[PDB]
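This report concerns only the one structure given below.
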Amino acid sequence: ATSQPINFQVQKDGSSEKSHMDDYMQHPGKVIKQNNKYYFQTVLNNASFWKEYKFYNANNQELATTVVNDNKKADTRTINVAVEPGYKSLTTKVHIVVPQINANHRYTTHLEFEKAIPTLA
Ligand code: HEM
């Protein structure tokens, strides 16, 4: 296995309640192994709304992210977040701007994997 699907749910700051941020990421994501390193690849819908995003492990280490696909037409963006096997969540901090309802906000949420990122290959 070079990769495997991994489902997740983005949940609200301070609880296990689903966050409506979950509605703007494709499901499942994917765990990808390259050489000795692991990536969580995920697709952001309504990419133009995500003005900033940072991901952290549960020990508050910022995780490197790369853009691997920007699709202007579909308004999506595919990103690779650096992870390790064993992570059960990521903390996200995002700056979201929604024109139609004049919204400009920063939020913190926690993305919860269906299970610990597995070792592969
Ligand atoms: C499609 C246009 C969107 C509309 C009309 C919308 C609307 C709203 C409204 C009215 C609230 C409650 C007030 C507030 O705290 O701001 C809210 C909360 C929130 N929104 Fe959005 N939103 C949109 C897109 C997004 C996107 C793309 C994200 C990022 C993935 C996002 C993430 C959040 C988060 C994290 C909250 C806090 C409550 C929760 O965690 O569910 N929203 N949104």
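By convention in this document, the chains of the structure tokens carry letters A, B, ... by their order, each chain's residues are numbered from 1, and ligands are numbered from 1 in the order they are shown.
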
Skipping near chain neighbours, those fewer than 2 positions away, what residues fall within 10 Å of stretch 87-95 of chain A using only C-alpha atoms, listed as a ChimeraX atom specification?
-> /A:8-11,13,21,49-63,81,83-85,97,104-118

Within 9 Å of residue A:28 using only C-alpha atoms, minus same-chain residues under 2 positions, as a PyMOL selection string | chain A and resi 5-8+25-26+30+42

Go through A:68, A:46, A:2, A:16 one by one, measure the shortest atom-to-atom distance of each to ligand 1 using only C-alpha atoms and all ligand atoms, and give the residue with the smallest value.
->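 Among the listed residues, the smallest separation from ligand 1 belongs to A:46.
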
Within 6 Å of residue A:32, counting only C-alpha atoms, which residues qualify if same-chain residues fewer than 6 places away don't, as a list in words?
-> residues 3, 38 and 39 of chain A

List as a JSON list (two decimals) with C-alpha atoms, in the first residue's frame the protein and nucleic acid residues near residue A:44, meaning an atom at most 6 Å away when only C-alpha atoms are counted, but skip any in the same chain fewer than 2 places from it.
[["chain", "number", "residue", "atom", "x", "y", "z"],
["A", 25, "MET", "CA", -13.78, 19.35, 2.76],
["A", 47, "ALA", "CA", -11.17, 27.24, -1.97],
["A", 76, "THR", "CA", -11.21, 23.52, -5.16],
["A", 77, "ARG", "CA", -7.70, 23.18, -3.75]]

Residue among A:41, A:100, A:4, A:74 lying closest to ligand 1, counting only C-alpha atoms and all ligand atoms =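 Among the listed residues, the smallest separation from ligand 1 belongs to A:100.
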
DSSP strand (DSSP E) selection over stretch 84-118 of chain A, as a ChimeraX atom specification | /A:89-98,103-113

Using the selection just defined, write its residues with N, CA, C and O atoms as an mmCIF file, in the first residue's frame.
data_model
loop_
_atom_site.group_PDB
_atom_site.id
_atom_site.type_symbol
_atom_site.label_atom_id
_atom_site.label_comp_id
_atom_site.auth_asym_id
_atom_site.auth_seq_id
_atom_site.Cartn_x
_atom_site.Cartn_y
_atom_site.Cartn_z
ATOM 1 N N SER A 89 -5.864 13.176 15.347
ATOM 2 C CA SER A 89 -6.510 14.428 15.004
ATOM 3 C C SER A 89 -5.513 15.439 14.467
ATOM 4 O O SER A 89 -4.290 15.279 14.668
ATOM 5 N N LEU A 90 -6.030 16.462 13.778
ATOM 6 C CA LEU A 90 -5.286 17.711 13.532
ATOM 7 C C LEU A 90 -6.104 18.853 14.120
ATOM 8 O O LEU A 90 -7.341 18.824 14.077
ATOM 9 N N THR A 91 -5.434 19.850 14.682
ATOM 10 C CA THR A 91 -6.086 21.100 15.036
ATOM 11 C C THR A 91 -5.925 21.987 13.815
ATOM 12 O O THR A 91 -4.867 21.965 13.177
ATOM 13 N N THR A 92 -6.974 22.717 13.436
ATOM 14 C CA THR A 92 -6.876 23.615 12.291
ATOM 15 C C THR A 92 -7.178 25.012 12.807
ATOM 16 O O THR A 92 -7.952 25.180 13.758
ATOM 17 N N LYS A 93 -6.551 26.007 12.204
ATOM 18 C CA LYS A 93 -6.885 27.406 12.472
ATOM 19 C C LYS A 93 -7.011 28.047 11.111
ATOM 20 O O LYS A 93 -6.093 27.972 10.295
ATOM 21 N N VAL A 94 -8.176 28.627 10.847
ATOM 22 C CA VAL A 94 -8.529 29.027 9.503
ATOM 23 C C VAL A 94 -9.087 30.441 9.532
ATOM 24 O O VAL A 94 -9.670 30.877 10.531
ATOM 25 N N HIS A 95 -8.857 31.153 8.444
ATOM 26 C CA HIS A 95 -9.424 32.477 8.232
ATOM 27 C C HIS A 95 -10.322 32.317 7.010
ATOM 28 O O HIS A 95 -9.851 32.040 5.907
ATOM 29 N N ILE A 96 -11.622 32.446 7.245
ATOM 30 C CA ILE A 96 -12.653 32.230 6.224
ATOM 31 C C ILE A 96 -13.375 33.546 5.937
ATOM 32 O O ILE A 96 -13.798 34.231 6.856
ATOM 33 N N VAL A 97 -13.490 33.882 4.660
ATOM 34 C CA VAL A 97 -14.177 35.095 4.241
ATOM 35 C C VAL A 97 -15.276 34.708 3.254
ATOM 36 O O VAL A 97 -14.996 34.164 2.177
ATOM 37 N N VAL A 98 -16.520 34.956 3.648
ATOM 38 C CA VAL A 98 -17.683 34.669 2.809
ATOM 39 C C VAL A 98 -18.366 35.987 2.391
ATOM 40 O O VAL A 98 -18.997 36.645 3.224
ATOM 41 N N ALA A 103 -19.162 37.961 5.821
ATOM 42 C CA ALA A 103 -18.471 37.313 6.940
ATOM 43 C C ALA A 103 -16.940 37.358 6.795
ATOM 44 O O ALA A 103 -16.394 37.121 5.707
ATOM 45 N N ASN A 104 -16.266 37.674 7.900
ATOM 46 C CA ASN A 104 -14.806 37.681 7.963
ATOM 47 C C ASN A 104 -14.389 37.212 9.351
ATOM 48 O O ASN A 104 -14.431 37.982 10.324
ATOM 49 N N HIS A 105 -14.018 35.932 9.446
ATOM 50 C CA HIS A 105 -13.816 35.299 10.748
ATOM 51 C C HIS A 105 -12.601 34.392 10.807
ATOM 52 O O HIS A 105 -12.183 33.829 9.805
ATOM 53 N N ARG A 106 -12.058 34.255 12.011
ATOM 54 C CA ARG A 106 -11.046 33.252 12.289
ATOM 55 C C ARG A 106 -11.617 32.193 13.220
ATOM 56 O O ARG A 106 -12.356 32.511 14.152
ATOM 57 N N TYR A 107 -11.310 30.926 12.941
ATOM 58 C CA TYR A 107 -11.798 29.844 13.774
ATOM 59 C C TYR A 107 -10.728 28.792 14.047
ATOM 60 O O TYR A 107 -9.790 28.629 13.279
ATOM 61 N N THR A 108 -10.914 28.067 15.131
ATOM 62 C CA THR A 108 -10.097 26.927 15.459
ATOM 63 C C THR A 108 -11.039 25.729 15.507
ATOM 64 O O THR A 108 -12.084 25.797 16.148
ATOM 65 N N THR A 109 -10.685 24.642 14.827
ATOM 66 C CA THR A 109 -11.474 23.404 14.894
ATOM 67 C C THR A 109 -10.531 22.226 15.052
ATOM 68 O O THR A 109 -9.304 22.407 15.004
ATOM 69 N N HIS A 110 -11.088 21.026 15.241
ATOM 70 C CA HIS A 110 -10.265 19.817 15.292
ATOM 71 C C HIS A 110 -10.787 18.744 14.345
ATOM 72 O O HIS A 110 -11.958 18.326 14.387
ATOM 73 N N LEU A 111 -9.907 18.352 13.440
ATOM 74 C CA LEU A 111 -10.225 17.355 12.456
ATOM 75 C C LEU A 111 -9.877 15.997 13.059
ATOM 76 O O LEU A 111 -8.728 15.756 13.423
ATOM 77 N N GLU A 112 -10.881 15.127 13.182
ATOM 78 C CA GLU A 112 -10.728 13.849 13.878
ATOM 79 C C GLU A 112 -10.726 12.719 12.859
ATOM 80 O O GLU A 112 -11.735 12.504 12.172
ATOM 81 N N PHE A 113 -9.610 12.003 12.743
ATOM 82 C CA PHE A 113 -9.545 10.859 11.845
ATOM 83 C C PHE A 113 -10.419 9.705 12.348
ATOM 84 O O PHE A 113 -10.559 9.510 13.546
#

So, counting only C-alpha atoms and all ligand atoms, which residue among A:40, A:99, A:66, A:27 is closest to ligand 1?
->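 For ligand 1, the nearest of the given residues is A:99.
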
Could you tell me which of A:64, A:43, A:48, A:24 comes closest to residue A:79 if we count only C-alpha atoms?
->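 Closest candidate: A:43.
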
As an MDAnalysis selection string, please: all residues of chain A that backbone DSSP puts in helix (DSSP H, G or I).
-> chainID A and resid 20:24 47:49 99:101

In Å and to one decimal, atom 7 (C, counted along the ligand's line) of ligand 1 is distant from atom CA of residue A:12 by 14.0 Å

Residue nearest residue A:1 among A:17, A:29, A:86, A:34 (counting only C-alpha atoms) =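 Among A:17, A:29, A:86, A:34, it is A:34 that comes nearest to residue A:1.
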